[PDB]
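Everything below concerns the one structure shown next.
Note on naming: letters A, B, ... go to the chains in the order of the sequence lines (proteins, then strands), and numbering restarts at 1 for each one.
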Number of protein chains: 2
Amino acid sequence: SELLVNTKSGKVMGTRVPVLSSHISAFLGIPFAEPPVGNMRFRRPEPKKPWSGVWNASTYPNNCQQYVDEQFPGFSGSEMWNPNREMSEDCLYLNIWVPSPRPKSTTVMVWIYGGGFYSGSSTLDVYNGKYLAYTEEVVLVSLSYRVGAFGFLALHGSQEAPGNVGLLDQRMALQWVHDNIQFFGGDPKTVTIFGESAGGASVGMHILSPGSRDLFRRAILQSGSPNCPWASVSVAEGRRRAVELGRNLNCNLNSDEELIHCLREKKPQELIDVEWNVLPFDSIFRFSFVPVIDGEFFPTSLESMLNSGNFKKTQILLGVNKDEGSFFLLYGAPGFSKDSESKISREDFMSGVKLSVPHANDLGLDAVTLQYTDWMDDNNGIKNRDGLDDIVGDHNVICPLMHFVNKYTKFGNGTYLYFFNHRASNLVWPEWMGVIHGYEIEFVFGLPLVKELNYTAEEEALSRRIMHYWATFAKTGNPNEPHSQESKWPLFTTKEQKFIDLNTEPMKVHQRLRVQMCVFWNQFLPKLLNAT
Amino acid sequence: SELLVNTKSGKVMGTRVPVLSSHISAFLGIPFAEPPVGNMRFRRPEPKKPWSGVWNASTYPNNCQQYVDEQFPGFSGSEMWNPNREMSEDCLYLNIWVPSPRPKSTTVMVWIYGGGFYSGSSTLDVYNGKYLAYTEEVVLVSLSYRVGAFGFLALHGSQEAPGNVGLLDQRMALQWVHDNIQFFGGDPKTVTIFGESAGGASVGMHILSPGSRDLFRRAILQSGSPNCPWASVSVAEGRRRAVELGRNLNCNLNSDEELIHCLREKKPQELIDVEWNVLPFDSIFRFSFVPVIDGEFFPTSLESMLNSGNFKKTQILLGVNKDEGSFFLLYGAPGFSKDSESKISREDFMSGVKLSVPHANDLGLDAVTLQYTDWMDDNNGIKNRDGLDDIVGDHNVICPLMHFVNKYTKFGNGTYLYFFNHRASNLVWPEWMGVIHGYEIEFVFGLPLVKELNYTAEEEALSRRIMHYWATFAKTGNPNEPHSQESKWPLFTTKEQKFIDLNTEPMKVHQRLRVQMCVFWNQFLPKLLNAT
Ligand SMILES: *[C@@H]1O[C@H](CO)[C@@H](O[C@@H]2O[C@H](CO)[C@@H](O)[C@H](O)[C@H]2NC(C)=O)[C@H](O)[C@H]1NC(C)=O
Ligand SMILES: *[C@@H]1O[C@H](CO)[C@@H](O)[C@H](O)[C@H]1NC(C)=O
Ligand SMILES: *[C@@H]1O[C@H](CO)[C@@H](O)[C@H](O)[C@H]1NC(C)=O
Ligand SMILES: *[C@@H]1O[C@H](CO)[C@@H](O)[C@H](O)[C@H]1NC(C)=O
Ligand SMILES: *[C@@H]1O[C@H](CO)[C@@H](O)[C@H](O)[C@H]1NC(C)=O
Ligand SMILES: [Cl-]
Ligand SMILES: [Cl-]
């Protein structure tokens with residue numbers, strides 16, 4: 001039977017699913033770990049114990065316990081990112097989409113969801129792997145991992161809550177793919193890990209961590225990189241936030257054991273209710289429980305690792321969206337609203353800068369303000385709004401990714417860089433938000449090929465081109481079809497620094513993505529803040 | 001007799017001089033002070049003792065002792081700025097050009113020469129007052145003042161070398177105009193002081209100093225302002241440089257008296273030979289002996305004076321040239337030559353920045369570099385050359401002048417701002433130097449009306465327009481002809497900040513002259529250097 005697969009962990013039964021007039025197999029909600037529940041809360045995951053009988057893999061699994069966005073109830077723009085399944089601490093599952101007929105040894109793509117390490121779901125409509133698996137003849141896996149304090153509470157020195165366990169969940173899922181994907185007709189020697197935002201940071205974290213490098217072949221990073229300022233904290237900061245969480249829940253704070261024990265008695269939602277209280281600053285684009293630079297998962301600082309070449313050397317494909325910062329300003333910056341054009345006053349700009357660069361002294365804040373203010377026109381509400389948008393996306397996504405691409409490319413074996421600047425014609429978010437953080441995903445997953453979703457012809461065409469770039473990259477380490485009349489996506493080189501735009505127009509090659517702004521963020525501002 | 005005038009100091013006999021097919025009277029080399037020689041070297045000037053008989057004022061006076069530019073022997077571009085008369089410490093004289101027939105009570109314009117306080121001459125071909133006096137029916141005076149250590153050696157506390165005596169020379173000449181110009185047919189209640197560079201700084205210094213305010217009505221500043229970073233030093237720095245001069249000349253350094261006595265024994269040229277050795281840094285656009293913030297001539301710091309409105313409140317007309325910095329890079333920056341296009345390498349740019357901002361720590365230098373580097377094209381030799389040109393002119397001339405205009409306009413009674421961006425068609429300096437520091441002077445003095453000098457028709461027209469702007473400003477406090485069909489030079493206001501271009505095209509009004517760069521130089525960089 002096509003829907004029956006015998007893995008090393010036991011047999012699984014899938015389901016035949018329709019996709020664009022054909023069908024493929026789906027194996028949804030396969031367990032890869034023991035449920036991280038009870039005394040296991042905050043612990044390293046354990047391998048799932050093999051089961052007798054047949055695992056029903058016909059339906060999506062629970063989503064991990066997480067903060068739920070209620071900022072716009074019934075709005076599809078925000079709700080499409082929320083858990084669409086029951087939340088449970090029992091959430092360590094993966095989903096596999098397999099072409100029909102079952103292949104023998106096909107390219108494998110493993111999706112890691114974003115969500116700022118505090119949210120995310122593998123089961124989202126926009127993460128449905130059927131279009132990609134079917135169109136490009138890949139075995140498509142989506143994994144899952146603990147988020148929030150559940151995945152990232154970090155008390156370094158303690159073995160009950162060491163930190164990073166969400167990353168270890170991801171690694172356990174990659175391990176299980178490596179070990180079992182062959183039975184689903186995937187080639188475990190040609191696995192691409194790909195992810196957006198926290199999932200992109202995650203991808204680069206597996207590239208860095210010695211314990212993960214051997215479990216995949218190549219990597220794709222969308223709108224995130226391991227060195228993002230929001231993606232990790234020191235072991236002291238992680239400890240400080242863990243204790244603060246404890247303080248919020250009236251815990252005994254005398255010892256790690258007393259603290260962890262107390263936090264283990266609480267219901268998931270009690271943790272979630274106070275999670276945002278532990279942030280050290282008034283900030284946007286900062287999340288409470290994130291990866292911790294521990295000396296185990298990451299042996300030394302991310303920067304010394306990137307500088308020394310202490311990471312997996314392979315091919316990478318990565319890039320960013322035009323307007324990375326708009327979501328975060330909509331949600332926390334004064335003067336931004338969903339149903340207005342959000343023209344930003346001088347005062348609100350100033351407040352925005354403070355929220356955007358929370359670790360900055362006044363001199364630092366003045367440097368940012370000057371760098372992004374048109375002083376011929378400093379009261380232009382559109383310029384202030386767009387300047388803030390750029391500040392947030394440059395600082396949090398684009399310039400760290402550009403620092404990563406530049407460090408990586410010196411030691412790696414091939415880099416492809418994109419700039420995604422097409423705004424979906426059917427976006428429900430306002431125009432001021434532009435090409436929004438996360439709105440390339442639907443194109444990567446092939447949603448524009450579904451007529452009932454109302455994209456344009458040109459959007460379907462763009463989607464098919466991106467799916468084919470991603471899948472050919474995963475197959476060969478090169479997004480370009482060898483021997484093909486199509487415009488070619490050039491390698492990114494240390495010297496020439498080329499990238500392409502990804503949009504509905506004919507391909508254009510550019511050099512030095514946002515170089516002016518990224519010299520500021522990666523070289524000048526850090527030196528300023530260190531010296532003052 | 002038209003050429004005979006009885007002043008309060010004695011009678012003077014002038015000479016009839018040809019000018020553009022007509023004639024006017026010139027009274028050249030009238031003494032306004034006792035010769036500052038011998039034991040008077042470095043001292044406050046003394047009023048000239050009245051003379052019996054008739055002073056022969058038919059010929060130009062000696063020029064003050066000064067460094068002489070030999071950087072390009074026989075080149076007219078540089079030699080036209082050098083003393084064209086014998087140098088002597090006996091150099092405190094003024095020149096008056098008087099329309100014919102002698103007027104009764106006409107507008108007076110008094111020219112103060114620039115030259116970085118270390119050089120300058122009232123007798124230069126380009127400072128010839130006949131064209132302006134004749135064309136615009138003004139009485140035109142050029143004064144003179146001690147330069148170099150002779151005018152500016154400063155040992156605060158000492159009465160033999162207090163500092164600022166060059167400024168006091170200027171003031172004594174303004175005093176003598178105030179007292180005697182009526183006999184030449186000038187109105188001492190309508191005297192405009194005007195000057196370029198050090199002469200412009202000088203003009204603004206008289207606007208600030210309580211001891212000078214009452215001696216003139218209004219003021220014009222060309223390419224210089226009192227707050228320029230090169231135009232004054234602290235009393236400690238002046239003292240330090242005075243002692244260093246003494247060290248260079250093997251002087252007894254035990255006391256001010258011993259030092260001053262030693263310096264008074266030396267020949268002028270001995271002082272001049274070591275003058276450049278006292279600068280604290282490797283620098284361009286820094287001069288050794290300059291005005292000193294003494295608490296007498298300037299009662300408090302220039303900045304508190306500008307902020308409190310502690311200055312003469314009247315009308316001012318002022319502005320700058322497009323390429324203020326090129327002269328100083330030609331002469332001291334590595335990679336610049338007179339007979340090449342001076343395309344500047346990355347390394348030479350970096351060296352240039354260091355020479356240009358000598359008081360800067362490394363962070364400071366990085367801030368400047370970033371602000372003026374196109375990082376898409378950082379090896380563009382033209383961009384590096386022009387960037388350096390802008391750095392030097394912005395830091396030394398334009399942004400300090402813009403800080404002055406903005407502070408002044410809050411308390412003053414009317415401001416007119418220009419941006420002179422026409423390159424003379426007959427310039428002998430290379431093209432890369434653009435609209436050079438000091439090359440609006442020939443237009444202000446009306447040299448383009450002299451056919452034998454080979455300007456264009458349009459240049460003569462521009463010159464006539466500028467002469468008429470300057471003279472109408474001096475006459476009325478407004479460069480515009482009331483009731484006239486000509487395009488109008490708008491007032492500069494705190495709010496709108498308007499200025500005009502001065503060139504051969506039809507007049508264009510702009511706002512916020514070099515605002516982006518001047519926020520950097522006037523607000524951000526000073527705060528950076530103070531905090532680090
Ligand atoms: C320059 O100063 C004069 C006064 O010294 C100003 O003219 C006065 O303006 C106020 C308000 O418009 C009136 O009440 C007076 O009648 C005016 N006085 C005279 C003598 O006209 C003038 O506003 C100032 N100009 C600028 C540009 O500041
Ligand atoms: C698996 O689960 C689905 C939904 O709960 C159910 O319809 C199906 O019959 C189950 N068992 C199988 C396929 O053996
Ligand atoms: C697509 O278009 C239809 C028909 O015009 C519209 O009713 C519907 O809301 C759209 N469907 C979506 C956004 O899923
Ligand atoms: C004044 O000086 C000039 C030049 O030295 C001379 O020709 C003239 O005769 C002198 N005396 C006069 C005008 O009485
Ligand atoms: C002006 O033009 C003439 C004739 O063409 C030329 O010989 C002379 O050098 C120029 N005169 C100057 C620059 O004074
Ligand atoms: Cl479908
Ligand atoms: Cl003539």
Side-chain angles (χ1 to χ4, degrees), chain A residues 346 349-350 353 357 360-380 383-384 387 390 394 398-399 402-403 405-406 417 419 494-499 508-532, chain B residues 346 349-350 353 357 360-380 383-384 387 390 394 398-399 402-403 405-406 417 419 494-499 508-532:
Chain A
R346 203 65 218 155
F349 186 84
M350 308 286 269
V353 168
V357 197
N361 64 13
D362 284 4
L363 181 69
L365 295 163
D366 294 343
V368 172
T369 300
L370 177 55
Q371 189 75 193
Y372 284 86
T373 301
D374 179 357
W375 287 108
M376 297 186 284
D377 197 9
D378 55 305
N379 276 118
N380 184 319
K383 284 176 162 160
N384 291 349
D390 286 345
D394 295 350
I398 304 179
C399 294
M402 293 307 302
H403 178 71
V405 328
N406 277 288
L417 184 69
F419 184 70
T494 286
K495 179 166 151 206
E496 317 245 277
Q497 290 164 52
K498 294 169 185 193
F499 65 99
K508 269 273 196 42
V509 167
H510 312 285
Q511 295 171 272
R512 309 188 157 186
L513 186 35
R514 287 186 78 72
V515 68
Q516 202 67 31
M517 294 319 187
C518 297
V519 170
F520 172 86
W521 290 107
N522 299 338
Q523 317 214 286
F524 177 78
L525 181 63
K527 174 168 194 187
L528 187 151
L529 296 178
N530 184 242
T532 40
Chain B
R346 203 65 218 155
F349 186 84
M350 308 286 269
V353 168
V357 197
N361 64 13
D362 284 4
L363 181 69
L365 295 163
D366 294 343
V368 172
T369 300
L370 177 55
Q371 189 75 193
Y372 284 86
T373 301
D374 179 357
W375 287 108
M376 297 186 284
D377 197 9
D378 55 305
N379 276 118
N380 184 319
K383 284 176 162 160
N384 291 349
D390 286 345
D394 295 350
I398 304 179
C399 294
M402 293 307 302
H403 178 71
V405 328
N406 277 288
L417 184 69
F419 184 70
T494 286
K495 179 166 151 206
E496 317 245 277
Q497 290 164 52
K498 294 169 185 193
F499 65 99
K508 269 273 196 42
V509 167
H510 312 285
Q511 295 171 272
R512 309 188 157 186
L513 186 35
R514 287 186 78 72
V515 68
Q516 202 67 31
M517 294 319 187
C518 297
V519 170
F520 172 86
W521 290 107
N522 299 338
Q523 317 214 286
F524 177 78
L525 181 63
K527 174 168 194 187
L528 187 151
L529 296 178
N530 184 242
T532 40

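- Expressed to the nearest 0.5 Å, how far OG1 of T532(A) lies from CG of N530(B) amounts to 12.0 Å.
- Within residues 508-515 of chain A, the residues approaching chain B closer than 4.5 Å by heavy atoms are, in numerical order, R512(A), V515(A).
- Note that CD of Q523(A) is 9.0 Å distant from CG of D366(B), once rounded to the nearest 0.5 Å.
- Contact detail for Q516(B) and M376(A): the closest heavy-atom pair is OE1-N, 4.4 Å.
- In this structure a side-chain-to-backbone donor-acceptor pair under 3.5 Å is missing from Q371(A) to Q371(B).
- With a 4.5 angstrom heavy-atom cutoff, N361(B) does not touch chain A via any of its atoms.
- In the displayed structure, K383(B) atom NZ is contacted under 6.0 Å by more than 12 heavy atoms of other residues, nucleotides or ligands.
- In this structure, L370(A) and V519(B) approach most closely via the heavy-atom pair CD1-CG1, 3.9 Å.
- Listed here is the closest heavy atom pair of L528(B) and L528(A): CD1-CD1, 4.3 Å.
- Interface remark: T369(B) contributes no atoms to any contact with chain A (heavy atom separation under 4.5 Å).
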